[PDB]
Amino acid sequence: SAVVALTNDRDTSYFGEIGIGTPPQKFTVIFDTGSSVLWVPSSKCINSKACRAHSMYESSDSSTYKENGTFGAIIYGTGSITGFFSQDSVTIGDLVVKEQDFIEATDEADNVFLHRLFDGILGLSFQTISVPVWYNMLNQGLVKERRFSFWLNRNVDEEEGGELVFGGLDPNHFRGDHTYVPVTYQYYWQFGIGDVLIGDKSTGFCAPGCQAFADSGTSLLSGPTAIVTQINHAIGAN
């Protein structure tokens, strides 16, 4: 129902375009399955150079904007945003999501956000404080399937960086059937996993069972010390 082309930044972040407002003001965002808020930099960003290095949202230039003003803040896995909630139409691919709430950020940590190519983040995890973009998609009947999917390509100068599909799957980007596992805790997109093996060696710690979530907004793998030390030792990483 909607395809979003993604840019691969050095294999460490992936982002695509969205529009906010009428007419659409364009933003580059990370589509992040590990977080639940939508924020972009505000036109009202006083002294956050991060904000001024990036595309800014101007509610006065949008005919579908509806004020909210509620205070909002987010403490990421390193950094954090603050601003106020606003409502506008958000355009994604062919989809127009109405009455979508987002934070227009009036402060951002520069250390974290200034040296990044994306403007903001579109959270795809389960709802916390605001109805996320996806839930609105569902509520407004805009998707054919209650599913979204990611293809993330390797970092290759002349290739597409990846592709996100709302409301379906792109069969050109996988082989075989998907192996599906139930969500075990609805916060992140979290599920159960078993043993983690080095070659056919067991690392033991997760053999009785672990948890994992799939986080497109995270670069690497993060896991239990007991297993990671084994892996990093085995492969001779510092």
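When you see a residue number, it is the position in the sequence shown, counting from 1.
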item	value
Which of 215-223 and 20-28 has higher mean CA B factor, as the PDB entry lists it	20-28
Stretch exceeding the other in mean C-alpha B-factor - 92-100, 163-171	92-100
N136, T78, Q87, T128, ranked by C-alpha B-factor: the highest one	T78
Maximum C-alpha temperature factor, selected from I121, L124, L152, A109	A109
CA B-factor placement of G83, once the chain's modelled residues are sorted into thirds	middle
CA B-factor placement of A207, once the chain's modelled residues are sorted into thirds	middle
Where the record places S59 (Cα B-factor, split into thirds across the chain)	middle
Third of the chain's Cα B-factor distribution that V3 belongs to, per the entry	middle
B-factor third for the C-alpha atom of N47 within its chain	highest
